[PDB]
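Q: My questions all concern the structure below.
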Amino acid sequence: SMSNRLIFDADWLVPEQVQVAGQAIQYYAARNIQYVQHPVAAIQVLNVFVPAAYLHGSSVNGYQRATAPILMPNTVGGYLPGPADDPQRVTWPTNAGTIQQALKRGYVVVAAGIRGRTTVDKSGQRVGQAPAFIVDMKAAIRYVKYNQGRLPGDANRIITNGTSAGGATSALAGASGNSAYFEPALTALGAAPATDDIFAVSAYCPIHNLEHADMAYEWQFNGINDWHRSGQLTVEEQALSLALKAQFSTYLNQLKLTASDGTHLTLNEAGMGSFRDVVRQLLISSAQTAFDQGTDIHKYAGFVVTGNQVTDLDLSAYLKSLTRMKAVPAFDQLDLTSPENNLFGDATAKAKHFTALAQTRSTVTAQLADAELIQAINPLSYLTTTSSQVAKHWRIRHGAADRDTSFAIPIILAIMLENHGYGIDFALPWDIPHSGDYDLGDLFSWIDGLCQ
C-alpha cells in the first residue's frame with residue numbers, strides 16, 4: 001500500500017556467513033523487501049546482501065560502503081518467474097554461488113524477484129506476461145537508486161546479470177533506461193520515484209530479438225532436419241525453414257551492421273557473405289583459445305588446423321556435429337506452444353504470435369501481440385543510436401555449443417553496440433552449453449576494470 005514508503009534502512013541488515021573456497025565470507029542480509037507499493041504477486045520482493053566490511057567502515061577489493069558496485073542478478077529462465085536469489089538458496093532456480101563470490105569480491109548484491117509468464121494474482125489471473133519481467137527489473141532498480149543514500153553500494157554502478165531470458169532481462173535493462181514506454185506500468189505498481197538507467201550489463205546467452213529469432217535459427221540450422229532437446233522436420237517445417245532462412249538475409253542486410261574497416265556486413269540470397277564470415281571468425285577464435293590450452297577441438301567437425309593455428313572452419317560441418325535443438329519455427333510456434341508464445345499472452349490470451357509468418361500460418365486460432373510491445377522488449381530497439389539512457393558498458397557471452405538461439409542473435413547485439421560507440425566485450429566460449437556464470441573470474445575482472 002502507500003504506507004510502504006520504499007525507504008531502505010541499514011538497521012535491517014543482519015550478519016551471516018558462507019564459505020567461499022576454504023574461507024568464511026562474512027556479509028549482512030536484508031530479505032523480503034517489498035520494492036513497490038502496489039505489488040500484484042508475492043514474488044515481487046528483493047533481497048539485499050552486503051559485504052560485512054561496509055557496515056564496519058572498512059574496504060573490500062578497493063571498494064567501500066559508498067563506492068562498491070551493485071550487482072543485480074536475476075534468476076529468470078524460459079521467461080518464467082525468477083525468485084529473489086540468496087547466497088543461502090539451494091532450490092532451483094538459483095545462482096547462489098555467484099552471489100557468494102560477488103560478496104567476496106566486494107560487490108553489494110541486490111537480488112530482485114521478477115514475475116514471469118506463469119505468475120498469477122490472488123484471483124488466479126495471469127499478471128506475469130510481457131512486459132512484467134522488465135517492469136519488475138526496472139522497479140527494483142528504481143528502488144536501489146531512490147535509496148542511494150541509505151543502501152550500501154553505489155547506485156551509479158549498477159551492473160545487471162542474467163542467463164538466457166534472464167540475460168535478455170539484463171540486456172533490456174541496460175538498453176531501455178528511463179524509457180517512457182514503461183512509465184505507466186511503474187506508476188501503477190507504485191515504484192520508487194527514481195531513474196532506472198544502469199551502469200553496465202552482463203548477459204549470458206540472452207534470448208532476445210524474439211521477432212527475428214526464427215529467421216536467424218533457420219539461417220543457422222536449415223539443412224539439418226533432425227532436432228534434439230527428439231524429432232524429424234516435417235515437409236511443412238522444411239518449407240518454413242527454407243523461407244525463414246531466406247528472410248534472414250533481408251533482415252540482416254537492412255540492419256546496416258558494419259565491420260571495423262567500415263564495410264557493410266551482409267548476406268546474399270543464399271545466406272552467404274561477410275556476415276557469415278564474422279560468425280565463422282568468432283567460432284575460429286573460440287577454437288583457437290581452446291586449442292591453445294590443450295583442448296581437443298576435434299570434438300566437433302569442420303575445423304582446419306594448420307600447425308598450431310586454427311586457420312579455417314567448415315561452418316556447415318560444425319553445425320551438423322553440434323546438432324539442431326529446436327523445431328520450426330523455433331520461437332513462434334504455429335500452435336502457440338513455446339515459452340515465448342506464452343510470454344506474449346496476456347490476462348485474456350494464454351499465448352500469442354509475435355511474427356507475421358506464424359500468425360499467417362497459425363494452426364490454432366490466435367492473435368498477434370501488439371507491435372509496440374514486441375518492439376519494447378527487444379534490446380535492439382533502443383540501440384539505433386548512441387543514447388545516454390543506454391548503459392555504456394556491456395559484456396556478452398554465448399557458448400559455442402549453445403544451440404538455444406542462433407549465434408547470429410548475440411552477434412547482432414554485440415556489433416550494433418560496437419557500431420554505436422558502446423563498450424562491448426564479446427565472445428563465444430568454446431564448448432559451453434546454454435548456461436551462465438561459468439567464468440566469474442573474468443566477469444569480475446571486467447567489473448573491477450570499470451569500477452575501481
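Going through the C-alpha cells in order, the chains are called A, B, and so on, while each chain numbers its residues from 1 and the ligands are numbered from 1 in the order shown.
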Run DSSP on the backbone and grab whatever in range 129-347 of chain A lands in strand (DSSP E or B); send it over as a PyMOL selection string.
A: chain A and resi 158-163+200-204+226-227+231-232+258+264+303-306+309-313+324
Q: For range 84-99 of chain A, work out the shell of residues within 7 Å, counting only C-alpha atoms and skipping chain neighbours fewer than 4 positions away, then give it as a PyMOL selection string.
A: chain A and resi 45-47+75+103+109+111-113+437
Q: Can you write out as a tab-separated table which residues of range 325-378 of chain A fall within 12 Å of range 119-122 of chain A, alongside each residue's closest atom pair and its distance in Å to one decimal, counting only C-alpha atoms and ordering rows by chain and ascending residue number?
A:
```
residue	atom	partner	partner_atom	distance
A:342	CA	A:119	CA	11.4
A:343	CA	A:119	CA	10.8
A:346	CA	A:120	CA	11.1
A:347	CA	A:120	CA	9.3
A:350	CA	A:119	CA	11.8
```
Q: Let me make sure I understand: among A:34, A:381, A:367, A:247, which one has the smallest atom-to-atom distance to residue 5 in chain A if we use only C-alpha atoms?
A: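 Smallest distance to residue 5 in chain A is found for A:34.
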Q: May I ask which of the residues A:288, A:170, A:30, A:249 is the closest one to residue 274 in chain A, counting only C-alpha atoms?
A: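 Closest residue, counting only C-alpha atoms: A:249.
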Q: Point out the residue among A:127, A:110, A:180, A:151 with the least atom-to-atom distance to residue 73 in chain A, counting only C-alpha atoms.
A: A:110
Q: Quick one: pick out all alpha helix (DSSP H) residues within range 406-446 of chain A from a backbone DSSP run and write them as a ChimeraX atom specification.
A: /A:408-419,440-446
Q: Write out the residues from the selection above, keeping N, CA, C and O atoms, as a PDB file, in the first residue's frame.
A:
```pdb
ATOM      1  N   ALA A 408      23.955 -15.858 -34.511  1.00  0.00           N
ATOM      2  CA  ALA A 408      23.724 -14.543 -35.105  1.00  0.00           C
ATOM      3  C   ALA A 408      23.032 -13.583 -34.140  1.00  0.00           C
ATOM      4  O   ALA A 408      23.250 -12.375 -34.188  1.00  0.00           O
ATOM      5  N   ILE A 409      22.208 -14.123 -33.255  1.00  0.00           N
ATOM      6  CA  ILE A 409      21.426 -13.271 -32.346  1.00  0.00           C
ATOM      7  C   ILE A 409      22.298 -12.441 -31.375  1.00  0.00           C
ATOM      8  O   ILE A 409      22.225 -11.206 -31.405  1.00  0.00           O
ATOM      9  N   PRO A 410      23.149 -13.095 -30.550  1.00  0.00           N
ATOM     10  CA  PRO A 410      24.053 -12.285 -29.726  1.00  0.00           C
ATOM     11  C   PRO A 410      25.084 -11.522 -30.551  1.00  0.00           C
ATOM     12  O   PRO A 410      25.488 -10.421 -30.152  1.00  0.00           O
ATOM     13  N   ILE A 411      25.484 -12.058 -31.707  1.00  0.00           N
ATOM     14  CA  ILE A 411      26.440 -11.341 -32.533  1.00  0.00           C
ATOM     15  C   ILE A 411      25.880 -10.014 -33.048  1.00  0.00           C
ATOM     16  O   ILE A 411      26.586  -8.995 -33.036  1.00  0.00           O
ATOM     17  N   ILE A 412      24.628 -10.028 -33.509  1.00  0.00           N
ATOM     18  CA  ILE A 412      23.974  -8.793 -33.936  1.00  0.00           C
ATOM     19  C   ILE A 412      23.977  -7.752 -32.813  1.00  0.00           C
ATOM     20  O   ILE A 412      24.308  -6.580 -33.030  1.00  0.00           O
ATOM     21  N   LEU A 413      23.588  -8.168 -31.617  1.00  0.00           N
ATOM     22  CA  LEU A 413      23.603  -7.252 -30.477  1.00  0.00           C
ATOM     23  C   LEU A 413      25.002  -6.651 -30.268  1.00  0.00           C
ATOM     24  O   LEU A 413      25.163  -5.436 -30.147  1.00  0.00           O
ATOM     25  N   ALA A 414      26.022  -7.503 -30.261  1.00  0.00           N
ATOM     26  CA  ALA A 414      27.379  -7.035 -29.991  1.00  0.00           C
ATOM     27  C   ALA A 414      27.855  -6.037 -31.052  1.00  0.00           C
ATOM     28  O   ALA A 414      28.453  -5.000 -30.740  1.00  0.00           O
ATOM     29  N   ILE A 415      27.602  -6.349 -32.317  1.00  0.00           N
ATOM     30  CA  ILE A 415      28.049  -5.462 -33.382  1.00  0.00           C
ATOM     31  C   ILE A 415      27.303  -4.134 -33.358  1.00  0.00           C
ATOM     32  O   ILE A 415      27.907  -3.066 -33.536  1.00  0.00           O
ATOM     33  N   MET A 416      25.989  -4.188 -33.131  1.00  0.00           N
ATOM     34  CA  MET A 416      25.196  -2.963 -33.009  1.00  0.00           C
ATOM     35  C   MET A 416      25.716  -2.084 -31.874  1.00  0.00           C
ATOM     36  O   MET A 416      25.840  -0.860 -32.021  1.00  0.00           O
ATOM     37  N   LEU A 417      26.036  -2.708 -30.747  1.00  0.00           N
ATOM     38  CA  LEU A 417      26.630  -1.962 -29.635  1.00  0.00           C
ATOM     39  C   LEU A 417      27.931  -1.311 -30.079  1.00  0.00           C
ATOM     40  O   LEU A 417      28.142  -0.112 -29.864  1.00  0.00           O
ATOM     41  N   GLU A 418      28.804  -2.090 -30.714  1.00  0.00           N
ATOM     42  CA  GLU A 418      30.078  -1.534 -31.134  1.00  0.00           C
ATOM     43  C   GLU A 418      29.862  -0.392 -32.111  1.00  0.00           C
ATOM     44  O   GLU A 418      30.496   0.659 -31.994  1.00  0.00           O
ATOM     45  N   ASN A 419      28.995  -0.626 -33.095  1.00  0.00           N
ATOM     46  CA  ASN A 419      28.760   0.341 -34.161  1.00  0.00           C
ATOM     47  C   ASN A 419      28.298   1.688 -33.615  1.00  0.00           C
ATOM     48  O   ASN A 419      28.569   2.734 -34.211  1.00  0.00           O
ATOM     49  N   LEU A 440      33.375 -16.517 -13.782  1.00  0.00           N
ATOM     50  CA  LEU A 440      33.260 -15.402 -12.851  1.00  0.00           C
ATOM     51  C   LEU A 440      34.560 -14.651 -12.652  1.00  0.00           C
ATOM     52  O   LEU A 440      34.553 -13.419 -12.539  1.00  0.00           O
ATOM     53  N   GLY A 441      35.678 -15.379 -12.629  1.00  0.00           N
ATOM     54  CA  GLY A 441      36.976 -14.738 -12.574  1.00  0.00           C
ATOM     55  C   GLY A 441      37.110 -13.631 -13.600  1.00  0.00           C
ATOM     56  O   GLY A 441      37.550 -12.521 -13.291  1.00  0.00           O
ATOM     57  N   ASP A 442      36.740 -13.936 -14.840  1.00  0.00           N
ATOM     58  CA  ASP A 442      36.810 -12.952 -15.898  1.00  0.00           C
ATOM     59  C   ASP A 442      35.708 -11.885 -15.841  1.00  0.00           C
ATOM     60  O   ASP A 442      35.958 -10.705 -16.129  1.00  0.00           O
ATOM     61  N   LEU A 443      34.483 -12.281 -15.506  1.00  0.00           N
ATOM     62  CA  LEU A 443      33.416 -11.287 -15.368  1.00  0.00           C
ATOM     63  C   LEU A 443      33.792 -10.278 -14.274  1.00  0.00           C
ATOM     64  O   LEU A 443      33.650  -9.057 -14.449  1.00  0.00           O
ATOM     65  N   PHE A 444      34.316 -10.780 -13.166  1.00  0.00           N
ATOM     66  CA  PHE A 444      34.649  -9.899 -12.056  1.00  0.00           C
ATOM     67  C   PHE A 444      35.856  -9.007 -12.367  1.00  0.00           C
ATOM     68  O   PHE A 444      35.920  -7.848 -11.922  1.00  0.00           O
ATOM     69  N   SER A 445      36.827  -9.537 -13.123  1.00  0.00           N
ATOM     70  CA  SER A 445      37.929  -8.687 -13.536  1.00  0.00           C
ATOM     71  C   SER A 445      37.411  -7.569 -14.433  1.00  0.00           C
ATOM     72  O   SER A 445      37.885  -6.444 -14.346  1.00  0.00           O
ATOM     73  N   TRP A 446      36.420  -7.877 -15.276  1.00  0.00           N
ATOM     74  CA  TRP A 446      35.812  -6.865 -16.147  1.00  0.00           C
ATOM     75  C   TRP A 446      35.115  -5.783 -15.320  1.00  0.00           C
ATOM     76  O   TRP A 446      35.338  -4.584 -15.505  1.00  0.00           O
TER      77      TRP A 446
END
```
Q: Which neighbours of residue 15 in chain A fall inside 9 Å, counting only C-alpha atoms, when residues of the same chain fewer than 2 positions from it are skipped, and could you give them as a PyMOL selection string?
A: chain A and resi 13+17+26-29+52
Q: What lies within 10 Å of residue 156 in chain A using only C-alpha atoms, ignoring chain neighbours under 3 positions off, as an mmCIF file with C-alpha atoms, in the first residue's frame?
A:
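Output file out.cif is given in full below:
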```
data_model
loop_
_atom_site.group_PDB
_atom_site.id
_atom_site.type_symbol
_atom_site.label_atom_id
_atom_site.label_comp_id
_atom_site.auth_asym_id
_atom_site.auth_seq_id
_atom_site.Cartn_x
_atom_site.Cartn_y
_atom_site.Cartn_z
ATOM 1 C CA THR A 67 31.559 3.095 -3.750
ATOM 2 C CA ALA A 68 31.004 -0.662 -4.212
ATOM 3 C CA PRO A 69 29.411 -1.887 -7.454
ATOM 4 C CA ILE A 70 25.855 -3.139 -7.031
ATOM 5 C CA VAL A 144 18.015 0.950 -5.364
ATOM 6 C CA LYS A 145 18.620 4.369 -6.930
ATOM 7 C CA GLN A 148 21.336 5.641 -2.879
ATOM 8 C CA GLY A 153 26.890 0.326 -2.714
ATOM 9 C CA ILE A 159 25.504 -3.975 -13.131
ATOM 10 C CA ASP A 197 19.201 3.582 -16.250
ATOM 11 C CA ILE A 198 22.132 1.407 -15.190
ATOM 12 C CA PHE A 199 25.930 1.437 -15.470
ATOM 13 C CA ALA A 200 26.798 -1.865 -17.124
#
```
Q: Using only C-alpha atoms, can you tell me which of A:294, A:206, A:329, A:149 comes closest to residue 233 in chain A?
A: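 Closest to residue 233 in chain A, using only C-alpha atoms: A:329.
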Q: I need the residue nearest residue 48 in chain A from this list: A:61, A:407, A:32, A:270. Use only C-alpha atoms for the distance.
A: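 Checking each of A:61, A:407, A:32, A:270 against residue 48 in chain A, counting only C-alpha atoms, the winner is A:32.
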Q: Within 12 Å of range 39-43 of chain A, counting only C-alpha atoms, which residues qualify if same-chain residues fewer than 5 places away don't, as a CSV table (one decimal) with N, CA, C and O atoms, in the first residue's frame?
A:
```csv
chain,number,residue,atom,x,y,z
A,1,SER,N,0.8,-1.2,0.0
A,1,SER,CA,0.0,0.0,0.0
A,1,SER,C,0.9,1.2,0.0
A,1,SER,O,2.1,1.1,0.0
A,2,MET,N,0.3,2.4,0.0
A,2,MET,CA,1.0,3.7,0.0
A,2,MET,C,1.7,3.9,1.4
A,2,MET,O,2.5,4.8,1.6
A,4,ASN,N,3.7,1.8,2.5
A,4,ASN,CA,5.1,1.4,2.2
A,4,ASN,C,5.9,2.6,1.6
A,4,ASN,O,5.6,3.0,0.5
A,32,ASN,N,13.3,-10.1,1.7
A,32,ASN,CA,11.9,-9.9,1.5
A,32,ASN,C,11.4,-8.5,1.6
A,32,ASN,O,10.4,-8.2,2.2
A,33,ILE,N,12.2,-7.6,1.0
A,33,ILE,CA,11.8,-6.2,0.9
A,33,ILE,C,10.8,-5.9,-0.2
A,33,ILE,O,11.0,-6.3,-1.4
A,34,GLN,N,9.7,-5.4,0.2
A,34,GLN,CA,8.7,-5.1,-0.8
A,34,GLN,C,9.1,-3.8,-1.6
A,34,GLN,O,9.2,-2.7,-1.0
A,75,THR,N,17.1,-14.5,-11.6
A,75,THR,CA,17.0,-15.9,-11.8
A,75,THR,C,16.0,-16.3,-12.9
A,75,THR,O,15.5,-17.5,-12.9
A,76,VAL,N,15.7,-15.4,-13.8
A,76,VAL,CA,14.8,-15.7,-14.8
A,76,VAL,C,15.4,-16.6,-15.9
A,76,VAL,O,16.5,-16.4,-16.3
A,80,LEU,N,10.1,-17.6,-17.3
A,80,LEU,CA,9.4,-18.0,-16.1
A,80,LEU,C,9.7,-17.0,-15.0
A,80,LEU,O,10.6,-16.2,-15.1
A,81,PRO,N,8.9,-17.1,-13.9
A,81,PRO,CA,9.2,-16.2,-12.8
A,81,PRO,C,10.6,-16.5,-12.3
A,81,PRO,O,11.0,-17.6,-12.3
A,82,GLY,N,11.3,-15.4,-11.7
A,82,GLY,CA,12.6,-15.6,-11.2
A,82,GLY,C,12.6,-15.1,-9.7
A,82,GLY,O,12.7,-13.9,-9.4
A,83,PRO,N,12.5,-16.1,-8.8
A,83,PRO,CA,12.5,-15.7,-7.4
A,83,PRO,C,13.8,-14.9,-6.9
A,83,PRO,O,14.8,-15.1,-7.5
A,84,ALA,N,13.6,-14.1,-5.9
A,84,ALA,CA,14.7,-13.3,-5.3
A,84,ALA,C,15.8,-14.3,-4.9
A,84,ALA,O,15.5,-15.2,-4.1
A,85,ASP,N,17.0,-14.1,-5.4
A,85,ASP,CA,18.1,-15.1,-5.1
A,85,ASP,C,18.7,-14.8,-3.7
A,85,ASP,O,18.4,-13.8,-3.0
A,111,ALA,N,19.2,-8.7,-5.2
A,111,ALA,CA,18.6,-9.8,-5.9
A,111,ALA,C,17.1,-9.6,-5.9
A,111,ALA,O,16.5,-9.9,-4.9
A,112,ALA,N,16.5,-9.2,-7.0
A,112,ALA,CA,15.1,-8.9,-7.0
A,112,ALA,C,14.3,-10.1,-7.6
A,112,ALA,O,14.7,-10.8,-8.5
A,113,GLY,N,13.1,-10.3,-7.0
A,113,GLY,CA,12.2,-11.3,-7.5
A,113,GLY,C,11.4,-10.7,-8.7
A,113,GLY,O,11.0,-9.5,-8.6
A,114,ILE,N,11.2,-11.5,-9.7
A,114,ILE,CA,10.7,-11.0,-11.0
A,114,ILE,C,9.5,-11.9,-11.5
A,114,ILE,O,9.7,-13.1,-11.6
A,115,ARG,N,8.4,-11.3,-11.8
A,115,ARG,CA,7.2,-12.0,-12.3
A,115,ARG,C,7.6,-12.6,-13.6
A,115,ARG,O,8.4,-12.1,-14.3
A,116,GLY,N,7.0,-13.8,-14.0
A,116,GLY,CA,7.2,-14.4,-15.3
A,116,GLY,C,5.9,-14.9,-15.8
A,116,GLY,O,4.8,-14.7,-15.2
A,118,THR,N,4.0,-17.5,-15.9
A,118,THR,CA,3.1,-18.3,-15.2
A,118,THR,C,2.6,-17.7,-13.9
A,118,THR,O,1.9,-18.4,-13.1
A,119,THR,N,3.0,-16.5,-13.6
A,119,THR,CA,2.6,-15.8,-12.4
A,119,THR,C,1.1,-15.4,-12.4
A,119,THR,O,0.7,-14.8,-13.3
A,120,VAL,N,0.5,-15.7,-11.3
A,120,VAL,CA,-0.9,-15.3,-11.2
A,120,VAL,C,-1.2,-14.5,-9.9
A,120,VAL,O,-0.4,-14.5,-9.0
A,121,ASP,N,-2.2,-13.7,-9.9
A,121,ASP,CA,-2.6,-12.9,-8.7
A,121,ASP,C,-3.5,-13.7,-7.8
A,121,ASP,O,-3.7,-14.9,-8.0
A,122,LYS,N,-4.0,-13.0,-6.8
A,122,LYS,CA,-4.8,-13.6,-5.8
A,122,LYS,C,-6.1,-14.2,-6.4
A,122,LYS,O,-6.7,-15.1,-5.8
A,123,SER,N,-6.5,-13.6,-7.5
A,123,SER,CA,-7.8,-14.0,-8.1
A,123,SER,C,-7.5,-15.1,-9.2
A,123,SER,O,-8.5,-15.5,-9.8
A,124,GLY,N,-6.3,-15.5,-9.4
A,124,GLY,CA,-5.9,-16.5,-10.3
A,124,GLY,C,-5.8,-16.0,-11.7
A,124,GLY,O,-5.7,-16.8,-12.7
A,125,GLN,N,-5.7,-14.7,-11.9
A,125,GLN,CA,-5.5,-14.1,-13.1
A,125,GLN,C,-4.0,-13.9,-13.5
A,125,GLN,O,-3.2,-13.6,-12.6
A,126,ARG,N,-3.6,-14.2,-14.7
A,126,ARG,CA,-2.2,-14.0,-15.1
A,126,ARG,C,-1.8,-12.6,-15.0
A,126,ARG,O,-2.4,-11.7,-15.6
A,127,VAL,N,-0.7,-12.3,-14.3
A,127,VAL,CA,-0.1,-11.0,-14.2
A,127,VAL,C,1.4,-10.9,-14.4
A,127,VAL,O,2.0,-10.0,-14.0
A,128,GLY,N,1.9,-11.9,-15.1
A,128,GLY,CA,3.4,-12.0,-15.3
A,128,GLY,C,3.8,-12.1,-16.7
A,128,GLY,O,5.0,-12.3,-16.9
A,132,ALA,N,5.9,-7.7,-17.9
A,132,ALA,CA,6.1,-7.8,-16.5
A,132,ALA,C,7.5,-8.0,-16.1
A,132,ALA,O,8.0,-7.3,-15.1
A,133,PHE,N,8.3,-8.8,-16.7
A,133,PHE,CA,9.6,-9.1,-16.3
A,133,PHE,C,10.5,-7.9,-16.2
A,133,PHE,O,11.2,-7.7,-15.2
A,135,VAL,N,9.4,-4.7,-16.3
A,135,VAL,CA,8.8,-3.7,-15.4
A,135,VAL,C,9.4,-4.0,-14.0
A,135,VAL,O,9.8,-3.0,-13.3
A,136,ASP,N,9.3,-5.2,-13.6
A,136,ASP,CA,9.8,-5.6,-12.2
A,136,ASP,C,11.3,-5.3,-12.1
A,136,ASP,O,11.7,-4.8,-11.0
A,139,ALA,N,11.6,-1.6,-11.7
A,139,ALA,CA,11.1,-1.2,-10.4
A,139,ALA,C,12.2,-1.5,-9.3
A,139,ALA,O,12.4,-0.6,-8.4
A,140,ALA,N,12.8,-2.6,-9.3
A,140,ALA,CA,13.9,-2.9,-8.4
A,140,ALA,C,15.1,-2.0,-8.5
A,140,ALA,O,15.7,-1.5,-7.5
A,185,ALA,N,3.2,1.5,-16.3
A,185,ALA,CA,3.2,0.3,-15.5
A,185,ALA,C,3.9,0.5,-14.2
A,185,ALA,O,3.4,0.1,-13.2
A,186,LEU,N,5.0,1.2,-14.2
A,186,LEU,CA,5.8,1.5,-13.0
A,186,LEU,C,5.0,2.4,-12.0
A,186,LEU,O,5.0,2.3,-10.8
A,187,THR,N,4.2,3.4,-12.6
A,187,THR,CA,3.3,4.2,-11.8
A,187,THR,C,2.2,3.4,-11.2
A,187,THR,O,1.9,3.6,-10.0
A,188,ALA,N,1.6,2.4,-11.9
A,188,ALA,CA,0.5,1.6,-11.4
A,188,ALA,C,1.0,0.7,-10.3
A,188,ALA,O,0.3,0.4,-9.3
A,189,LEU,N,2.3,0.3,-10.4
A,189,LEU,CA,2.9,-0.5,-9.3
A,189,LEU,C,3.2,0.3,-8.1
A,189,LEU,O,3.5,-0.3,-7.0
A,190,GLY,N,3.3,1.6,-8.2
A,190,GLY,CA,3.8,2.4,-7.1
A,190,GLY,C,5.3,2.2,-6.9
A,190,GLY,O,5.8,2.1,-5.8
A,191,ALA,N,6.1,2.2,-8.0
A,191,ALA,CA,7.5,2.0,-8.0
A,191,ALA,C,8.1,3.3,-7.4
A,191,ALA,O,7.5,4.4,-7.5
```
Q: Give me, please, the distance in Å between CA of residue 438 in chain A and CA of residue 21 in chain A, quoted to one decimal.
A: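 Going from CA of residue 438 in chain A over to CA of residue 21 in chain A, I get 15.7 Å.
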